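Raw start-v3.cif, mmCIF, C-alpha atoms:
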data_my_file
#
loop_
_atom_site.label_atom_id
_atom_site.label_comp_id
_atom_site.auth_asym_id
_atom_site.auth_seq_id
_atom_site.Cartn_x
_atom_site.Cartn_y
_atom_site.Cartn_z
CA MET A 1 12.28 2.68 8.62
CA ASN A 2 9.32 4.80 7.77
CA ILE A 3 6.28 4.36 5.53
CA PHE A 4 8.13 5.71 2.56
CA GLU A 5 11.04 3.39 2.91
CA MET A 6 8.64 0.59 3.77
CA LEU A 7 6.48 1.12 0.76
CA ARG A 8 9.58 1.58 -1.36
CA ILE A 9 10.58 -1.98 -0.47
CA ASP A 10 7.07 -3.34 -1.03
CA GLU A 11 6.41 -1.59 -4.32
CA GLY A 12 9.86 -1.48 -5.68
CA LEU A 13 10.69 0.96 -8.46
CA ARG A 14 9.99 0.65 -12.17
CA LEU A 15 10.71 3.41 -14.80
CA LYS A 16 8.51 1.85 -17.47
CA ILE A 17 4.83 0.93 -17.47
CA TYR A 18 4.14 -2.45 -16.01
CA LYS A 19 1.09 -4.29 -14.65
CA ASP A 20 0.37 -4.80 -10.98
CA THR A 21 -0.91 -8.05 -9.53
CA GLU A 22 -4.51 -7.37 -10.54
CA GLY A 23 -3.25 -6.66 -14.07
CA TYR A 24 -3.44 -2.85 -13.88
CA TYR A 25 -1.11 -0.67 -15.78
CA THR A 26 1.30 0.93 -13.26
CA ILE A 27 4.56 2.70 -13.08
CA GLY A 28 7.24 3.91 -10.70
CA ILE A 29 6.72 2.99 -7.05
CA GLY A 30 3.35 1.35 -7.35
CA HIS A 31 1.69 4.31 -9.08
CA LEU A 32 -1.54 2.94 -10.57
CA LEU A 33 -2.13 4.63 -13.94
CA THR A 34 -5.66 3.73 -14.81
CA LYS A 35 -8.15 1.03 -14.38
CA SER A 36 -8.72 0.83 -18.16
CA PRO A 37 -7.32 -2.33 -19.61
CA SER A 38 -6.03 -0.20 -22.46
CA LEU A 39 -2.28 0.49 -22.66
CA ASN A 40 -2.91 3.44 -24.84
CA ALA A 41 -5.19 4.71 -22.19
CA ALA A 42 -2.34 4.17 -19.75
CA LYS A 43 0.28 6.08 -21.83
CA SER A 44 -2.18 8.95 -22.07
CA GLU A 45 -2.75 8.94 -18.33
CA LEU A 46 0.98 8.82 -17.81
CA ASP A 47 1.73 11.91 -19.93
CA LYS A 48 -1.02 13.66 -18.11
CA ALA A 49 0.28 12.84 -14.73
CA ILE A 50 3.80 13.61 -15.63
CA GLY A 51 2.97 16.56 -17.86
CA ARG A 52 5.58 15.55 -20.44
CA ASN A 53 5.80 13.54 -23.65
CA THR A 54 7.13 10.49 -21.68
CA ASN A 55 6.80 7.69 -24.12
CA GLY A 56 6.03 5.22 -21.34
CA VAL A 57 9.26 6.08 -19.51
CA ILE A 58 9.88 8.39 -16.48
CA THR A 59 12.74 9.32 -14.35
CA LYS A 60 13.40 8.45 -10.78
CA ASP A 61 12.49 11.92 -9.59
CA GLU A 62 9.30 11.53 -11.57
CA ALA A 63 8.55 8.30 -9.80
CA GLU A 64 9.14 9.95 -6.38
CA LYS A 65 6.91 12.80 -7.05
CA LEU A 66 4.06 10.43 -7.89
CA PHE A 67 4.99 8.38 -4.90
CA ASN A 68 4.71 11.39 -2.64
CA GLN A 69 1.28 12.19 -4.07
CA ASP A 70 0.25 8.59 -3.55
CA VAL A 71 1.40 8.26 0.04
CA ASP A 72 -0.39 11.48 0.82
CA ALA A 73 -3.48 10.15 -0.78
CA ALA A 74 -3.20 6.90 1.28
CA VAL A 75 -2.76 8.94 4.38
CA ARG A 76 -5.85 11.06 3.63
CA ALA A 77 -7.72 7.91 2.90
CA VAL A 78 -6.94 6.39 6.36
CA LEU A 79 -7.55 9.61 8.16
CA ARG A 80 -10.76 10.38 6.37
CA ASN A 81 -12.44 7.00 6.22
CA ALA A 82 -14.99 6.59 8.95
CA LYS A 83 -14.08 3.02 9.60
CA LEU A 84 -10.37 3.40 9.40
CA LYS A 85 -9.85 6.50 11.39
CA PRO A 86 -10.74 5.16 14.77
CA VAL A 87 -8.49 2.24 14.23
CA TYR A 88 -5.57 4.39 13.01
CA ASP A 89 -6.09 6.51 16.03
CA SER A 90 -5.74 3.50 18.33
CA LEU A 91 -2.53 2.25 16.76
CA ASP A 92 1.05 2.87 17.64
CA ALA A 93 3.26 4.58 14.93
CA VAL A 94 4.56 1.33 13.54
CA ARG A 95 1.26 -0.40 13.04
CA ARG A 96 0.00 2.93 11.63
CA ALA A 97 2.52 2.65 8.72
CA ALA A 98 1.34 -0.95 8.11
CA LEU A 99 -2.25 0.27 7.84
CA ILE A 100 -1.29 3.12 5.47
CA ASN A 101 0.70 0.58 3.58
CA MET A 102 -2.42 -1.51 2.97
CA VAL A 103 -4.49 1.52 1.88
CA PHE A 104 -1.79 2.50 -0.54
CA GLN A 105 -1.87 -0.94 -1.92
CA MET A 106 -5.58 -1.55 -2.16
CA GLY A 107 -7.45 1.62 -1.39
CA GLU A 108 -9.41 2.60 1.67
CA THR A 109 -12.47 0.68 0.78
CA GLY A 110 -10.59 -2.54 0.39
CA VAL A 111 -8.93 -2.11 3.71
CA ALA A 112 -12.20 -1.14 5.40
CA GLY A 113 -13.55 -4.45 4.08
CA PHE A 114 -11.29 -6.32 6.62
CA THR A 115 -14.08 -5.76 9.16
CA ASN A 116 -12.95 -8.10 11.88
CA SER A 117 -9.18 -7.76 11.48
CA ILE A 118 -9.50 -4.06 11.88
CA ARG A 119 -11.72 -4.57 14.86
CA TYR A 120 -9.10 -6.82 16.48
CA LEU A 121 -6.43 -4.25 15.63
CA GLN A 122 -8.40 -1.52 17.44
CA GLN A 123 -8.59 -3.84 20.35
CA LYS A 124 -4.98 -4.84 20.27
CA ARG A 125 -5.92 -8.42 19.52
CA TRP A 126 -2.85 -8.84 17.42
CA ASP A 127 -2.76 -12.57 16.68
CA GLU A 128 -6.48 -12.71 16.05
CA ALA A 129 -6.11 -9.80 13.57
CA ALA A 130 -3.14 -11.49 11.87
CA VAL A 131 -5.00 -14.64 11.44
CA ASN A 132 -7.92 -12.95 9.89
CA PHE A 133 -5.80 -10.85 7.61
CA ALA A 134 -4.09 -14.03 6.42
CA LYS A 135 -7.46 -15.51 5.44
CA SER A 136 -7.86 -13.31 2.35
CA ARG A 137 -7.54 -12.85 -1.39
CA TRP A 138 -5.03 -10.09 -0.59
CA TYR A 139 -2.87 -12.49 1.27
CA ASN A 140 -3.07 -15.12 -1.45
CA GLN A 141 -2.41 -12.65 -4.13
CA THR A 142 0.77 -11.11 -2.69
CA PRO A 143 1.82 -13.46 0.01
CA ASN A 144 5.36 -12.19 0.56
CA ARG A 145 4.31 -8.69 1.19
CA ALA A 146 1.16 -9.64 3.18
CA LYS A 147 3.37 -11.74 5.42
CA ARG A 148 5.63 -8.76 6.29
CA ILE A 149 2.63 -6.58 6.89
CA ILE A 150 1.05 -9.07 9.16
CA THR A 151 4.28 -9.55 11.05
CA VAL A 152 4.36 -5.84 11.73
CA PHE A 153 0.78 -5.87 13.08
CA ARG A 154 1.67 -8.96 15.03
CA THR A 155 4.91 -7.66 16.46
CA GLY A 156 4.60 -3.92 16.38
CA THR A 157 8.24 -3.72 15.19
CA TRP A 158 10.08 -3.18 11.94
CA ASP A 159 11.76 -6.54 12.18
CA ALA A 160 10.23 -7.66 8.92
CA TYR A 161 11.58 -4.73 6.92
CA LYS A 162 14.70 -3.49 8.61
CA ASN A 163 17.18 -6.07 7.29
CA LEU A 164 15.91 -6.11 3.84
#
As structure tokens, how would this structure be written, given the file I've shared?
Amino acid sequence: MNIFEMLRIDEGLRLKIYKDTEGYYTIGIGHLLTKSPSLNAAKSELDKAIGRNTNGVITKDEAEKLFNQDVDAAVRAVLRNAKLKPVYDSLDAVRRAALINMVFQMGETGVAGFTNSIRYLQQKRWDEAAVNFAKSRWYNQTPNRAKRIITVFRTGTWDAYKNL
């Protein structure tokens, strides 16, 4: 397991535009297209990101290329965010993927908003972190995925993902 494989499982893979949980137009492996509620706007953003007349449809390779850009972006976000960095730094490699996973999913700001949970993470207070993470809109929104994430933070292993 690694963050790519992990995110691959959490985001899945779609070759056509779709909407994410918050209703945003997305495509591929969780590639958010735009925050405009306009599909047309989305198709336009898609052709721009792909640099082709896509027609709302991409190829797998196309999805992976966006995915790479996106993981990189999530990594930069964790490494560059004042709040996040210190925590990232204190984590083992496994819990580091979990954290990147969250940033990928909801952006650095969102993640930074889990004030206490991140605090507990930095301090290795695993169960306390888990409990606080579980008390959230994030958790309610995408419970299945939040649950795996939290298990990782809780256990520090890939148990939640490895037999998927």
Worksheet, complete the sentence: Between A:156, A:161, A:48, A:117, smallest distance to residue 144 of chain A by all atoms listed in the file belongs to A:161
Worksheet item: Quick one: which residues end up in the PyMOL selection byres ((chain A and resi 52-62) around 7) for this structure, as a PyMOL selection string?
Response: chain A and resi 15-17+43+47+50-51+63-66
Worksheet item: Separation of atom CA of residue 129 of chain A and atom CA of residue 94 of chain A, in Å?
Response: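 Going from atom CA of residue 129 of chain A over to atom CA of residue 94 of chain A, I get 15.4 Å.
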Discussion item. Residues within 9 Å of residue 84 of chain A, please, as a ChimeraX atom specification. Count all atoms listed in the file; anything in the same chain fewer than 2 positions from it doesn't count.
Written reply: /A:77-82,86-89,99,108,111-112,118
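Counting all atoms listed in the file, the residue from A:141, A:21, A:132, A:157 that sits nearest to residue 96 of chain A is A:157.
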Item to complete: Starting from the shown file, work through the PyMOL selection byres ((chain A and resi 22) around 12) and note down what comes out as a PyMOL selection string.
Response: chain A and resi 18-21+23-26+32+34-37+105-106+137-138+141-142
For the residues selected in the previous step, produce a file with C-alpha atoms as a short mmCIF file (atom, residue, chain, number, x, y, z; two decimals), in the coordinates of the input.
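Written output follows (result.cif):
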data_model
loop_
_atom_site.label_atom_id
_atom_site.label_comp_id
_atom_site.auth_asym_id
_atom_site.auth_seq_id
_atom_site.Cartn_x
_atom_site.Cartn_y
_atom_site.Cartn_z
CA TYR A 18 4.14 -2.45 -16.01
CA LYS A 19 1.09 -4.29 -14.65
CA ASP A 20 0.37 -4.80 -10.98
CA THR A 21 -0.91 -8.05 -9.53
CA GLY A 23 -3.25 -6.66 -14.07
CA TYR A 24 -3.44 -2.85 -13.88
CA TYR A 25 -1.11 -0.67 -15.78
CA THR A 26 1.30 0.93 -13.26
CA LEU A 32 -1.54 2.94 -10.57
CA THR A 34 -5.66 3.73 -14.81
CA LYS A 35 -8.15 1.03 -14.38
CA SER A 36 -8.72 0.83 -18.16
CA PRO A 37 -7.32 -2.33 -19.61
CA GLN A 105 -1.87 -0.94 -1.92
CA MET A 106 -5.58 -1.55 -2.16
CA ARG A 137 -7.54 -12.85 -1.39
CA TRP A 138 -5.03 -10.09 -0.59
CA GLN A 141 -2.41 -12.65 -4.13
CA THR A 142 0.77 -11.11 -2.69
#
Discussion item. Residues within 12 Å of (0.8, -12.1, 6.8), file coordinates, counting all atoms listed in the file: what are they? Give the list as JSON, numbers by chain.
Written reply: {"A": [98, 102, 117, 126, 127, 128, 129, 130, 131, 132, 133, 134, 135, 136, 137, 138, 139, 140, 141, 142, 143, 144, 145, 146, 147, 148, 149, 150, 151, 152, 153, 154, 155, 160]}
Practice prompt. Give the answer as one residue: which of A:91, A:103, A:97, A:162 has the shortest atom-to-atom distance to residue 124 of chain A, using only C-alpha atoms?
Written response: A:91
